[PDB]
Amino acid sequence: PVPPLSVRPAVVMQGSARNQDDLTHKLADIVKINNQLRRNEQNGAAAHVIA
Amino acid sequence: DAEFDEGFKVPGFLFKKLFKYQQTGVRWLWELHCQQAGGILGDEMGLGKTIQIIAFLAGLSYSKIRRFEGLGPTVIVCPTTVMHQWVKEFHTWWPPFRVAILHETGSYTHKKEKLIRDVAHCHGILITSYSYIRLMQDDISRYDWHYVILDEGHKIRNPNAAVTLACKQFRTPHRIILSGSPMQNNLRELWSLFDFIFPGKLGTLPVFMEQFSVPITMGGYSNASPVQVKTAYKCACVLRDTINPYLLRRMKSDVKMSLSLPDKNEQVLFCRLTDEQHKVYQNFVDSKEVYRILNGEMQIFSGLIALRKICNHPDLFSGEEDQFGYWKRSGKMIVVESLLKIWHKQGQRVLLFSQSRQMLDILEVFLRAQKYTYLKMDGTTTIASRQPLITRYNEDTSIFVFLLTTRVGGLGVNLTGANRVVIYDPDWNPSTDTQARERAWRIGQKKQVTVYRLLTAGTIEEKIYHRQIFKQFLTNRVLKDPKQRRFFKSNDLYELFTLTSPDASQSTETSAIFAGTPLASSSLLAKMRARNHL
DNA sequence: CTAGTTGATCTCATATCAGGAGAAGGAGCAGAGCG
DNA sequence: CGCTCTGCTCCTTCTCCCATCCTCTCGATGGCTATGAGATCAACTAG
């Protein structure tokens, strides 16, 4: 379960740079590796790579 | 009427029209239909593969072989640019097939789901686009299709694309692919195509890679240990005979005597970098960005795009006689200047190809700076007006140079009136450049066509061309003959962030690399021990 | 109603040191039945 | 007569917690891959 935006608000700094929450960065890592694992299982990858 | 072994009465008044290889292809297709397996009509372009398919399906319908009294509902998934052609072909060969197109243009004028239902209810011949297979992948696959023909089935070359999954969601045993090249880059595409036509024959893609792809490429390098090359040869032989009865591929060598073919010559010009372009390239290959690429902290892809932009023209990467895209700042544009001037003095007609549309626009601005008349067609032109431009180029001579990228238009748009062709920059896929050169030099080409590939020596472009040749060699080894003289080095081929421009004292890297130029249990055992000693 | 043009929108390619305190597991083992 | 089944002790992880409230300064934080073609569709722009 990925929480809503209220639990991880993207606070705007003095300028326009929108800083993301720690939860959002972590979910970014999770989605990155999840997509990476999904393609590695779908396409050519070694068993140790998938592991 | 010609009759086959089990009884497949292909009509005489169609069968007589086919050529010998076409009749062989119909025989092969019907052998597949008896075995209830699929195949790949891997015959290269121009031989005529739609004629074989309509002839075979027409014979299967008239012969009333049976499930289904004769031929049932079949779906043909082809690119949009050829859909109407397909229906016309049916209507001229075998009229009584109720052929119907699924498209916004179409002819149904009602709900498309009703079209699928009605066509299946009449055992019709239904043509779609790959996008409609992807979008209605749940809807279109409910009406018990009897045949699935993926024309230009190399759209399935990626085992990850949603089109591949939607196309592999069909249930019939009958899967035919009409592709001019089953594989284009590497064996991922061969595996995907074979997973389509015959789900179980080649193993799961991990198994397939670990058994075939890695050993073959490891034996495709000239610094490989002898054991590696021998294993690569053996594994290539195993893949070849495994795919032998399901990939029918014929070249223009055996069938050449039947049809004419004007001679084609090809050169690879090595265009030295201009000193400003050379300085920019050296600054990029010395800047911290490529260092971070070598550290793996940044995506190498952006560096690749940047170096390709630099070799095309500095104004792409960097951003009177000093306006945007001045042709004097890139050596390839110098050579294009010379070739265009000479060819215009010769009265010939030119195709100008480039993978980048931005540098295509730069070339347009350059041509406007000159007085050459020209015509442009790219992805930005509306498709409904693509056919006129080509015709206007092909019919007259008052248009000199036609501008393309390698990947615009339907496959093999008829650009026949051109005489010379120049590929401004190489691509990663050998097949797109092969298609670029093939587009000018097709059936019904009147004059000798020559292709000039423009490279910058010692740069990223030379390595792109090396990769293109390497992939072409891999495809050839898999498809025509395993024994092959090894050209390349593993480290030199893969390291592609350096700059060693030639000084003419030493020869270029390409020329340095290409410097030379029942069984009675004993035949069975003999073949086993023969294959095992390798 | 019918094309034709024009944006949006989406898919697919090619790159390689000055804590402590308690709870739970585990291991060595003494010994008791007991077949 | 050797095996099992305890259940005692000694050690080892392992994990949890460490007063409340308030004021102020001061440093760090900034995330950008590209490009192009095919196809669908939905909105205008004429008819």
Side-chain angles (χ1 to χ4, degrees), chain A residues 10-22 24-25 28 32 39 49, chain B residues 77-83 102-106 109 112 128-137 152 154-166 184-186 188-189 192 289-290 292-309 312 316-317 354-361 377-386 388 404-411 413 425-433 435 460-461 463-464 466-468 470-471 490-491 493-497:
Chain A
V11 69
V12 69
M13 293 177 70
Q14 72 291 340
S16 62
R18 206 82 82 78
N19 197 334
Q20 305 293 348
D21 204 82
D22 294 4
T24 308
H25 293 165
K32 279 172 72 174
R39 60 162 155 282
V49 169
Chain B
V77 178
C78 65
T80 303
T81 69
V82 176
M83 293 177 71
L102 175 66
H103 215 295
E104 167 197 38
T105 178
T109 75
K112 294 182 284 292
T128 79
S129 54
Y130 285 89
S131 294
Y132 292 161
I133 296 286
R134 189 193 78 253
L135 294 174
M136 293 180 183
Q137 77 97 28
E152 293 83 4
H154 47 58
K155 281 293 290 282
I156 301 304
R157 67 174 79 77
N158 183 242
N160 296 114
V163 67
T164 290
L165 282 72
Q184 296 184 338
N185 311 323
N186 72 332
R188 277 178 190 91
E189 318 192 338
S192 171
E289 307 286 354
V290 302
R292 280 202 40 194
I293 288 173
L294 203 75
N295 283 322
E297 198 182 292
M298 183 172 176
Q299 290 179 341
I300 184 154
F301 301 141
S302 178
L304 268 297
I305 297 170
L307 294 175
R308 289 175 78 234
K309 283 184 180 299
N312 285 114
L316 273 294
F317 168 78
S354 68
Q355 330 302 325
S356 302
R357 185 179 65 189
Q358 293 317 132
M359 177 89 177
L360 184 149
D361 286 329
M377 183 278 288
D378 63 358
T380 66
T381 72
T382 185
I383 318 182
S385 179
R386 278 184 184 175
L404 277 296
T405 62
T406 48
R407 312 209 308 290
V408 297
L411 187 137
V413 288
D425 61 357
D427 206 306
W428 292 110
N429 193 340
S431 160
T432 189
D433 276 17
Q435 179 180 359
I460 194 67
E461 284 186 350
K463 287 313 176 63
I464 291 174
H466 285 304
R467 296 290 294 285
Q468 157 162 345
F470 178 78
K471 297 189 206 183
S490 70
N491 300 331
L493 187 153
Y494 272 74
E495 193 35 56
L496 74 169
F497 270 96

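Hydrogens, waters and symmetry mates are skipped; everything else that's a heavy atom, side chains included, is used. Residue numbers start from 1 in every chain, and the chains themselves are labelled A, B, ... in the order their sequence lines are given, proteins ahead of strands.
In this structure, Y494(B) reaches neither bases nor backbone, as no heavy-atom distance under 4.0 Å exists between it and the strands shown. The residue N185(B) sits close only to the backbone: its heavy atoms come under 4.0 Å of sugar-phosphate atoms, none of a base. As judged by a 4.0 angstrom heavy-atom cut-off over every strand, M298(B) is placed among residues making no nucleic acid contact. At the heavy-atom level, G409(B) lies under 4.0 Å from the strands shown only through sugar-phosphate atoms. Using a 4.0 Å heavy-atom distance criterion, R134(B) is classed as a sugar-phosphate-only contact. Across all strands, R386(B) comes closer than 4.0 Å only to sugar-phosphate atoms, never to a base (heavy-atom distances). Contact annotation for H154(B): no contact, since no heavy-atom pair falls under 4.0 Å across all strands.
The gap from the P atom of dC18(D) to that of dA21(C) amounts to 16 Å, rounded to the nearest Å. Across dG19(C) and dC32(D), the matching P atoms stand 46 Å from one another, rounded to whole Å.
Nucleotide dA37(D) holds its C1' atom 12 Å from the CD atom of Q435(B), rounded to whole Å. Distance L304(B) CG to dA34(D) P: 12 Å, rounded to the nearest Å. One can place CZ of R308(B) at 11 Å from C1' of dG36(D), the figure rounded to the nearest angstrom. Residue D425(B) contributes atom CG, which lies 15 Å from atom P of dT14(C) at whole-angstrom precision. Atom pair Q20(A):CD and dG30(D):P shows a separation of 11 Å (rounding to whole Å applied). The CZ atom of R407(B) sits 17 Å away from the P atom of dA34(D) (whole-angstrom rounding). Atom-to-atom, OH of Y130(B) to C1' of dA37(D) comes out at 16 Å; the value is rounded to the nearest Å. Distance CD1 (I305(B)) to P (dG36(D)): 10 Å, rounded to an integer number of Å.
Here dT35(D) and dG36(D) show stacked bases; the six-membered rings are centred less than 5.5 angstrom apart and their planes meet at under 30°.
Here the nucleotide nearest the side chain of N19(A), chosen from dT16(C), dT29(D), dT14(C), is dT29(D).
Proximity of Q355(B) to the phosphate of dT14(C): no side-chain N or O atom is located under 4.0 Å from OP1 or OP2.
Applying the salt bridge (charged side-chain N to carboxylate O under 4.0 Å, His left out) test to every pair with at least one member in residues 154-164 of chain B, sequence neighbours left out, gives no pairs at all.
Remark: side-chain polar atoms of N158(B) are paired, donor with acceptor, to backbone N or O of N160(B) under 3.5 angstrom.
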Dot-bracket encoding per residue of DNA chain D, Watson-Crick/G-U cut-off under 3.5 Å, | denoting interstrand: |||||||||||||||||.................|||||||||||||
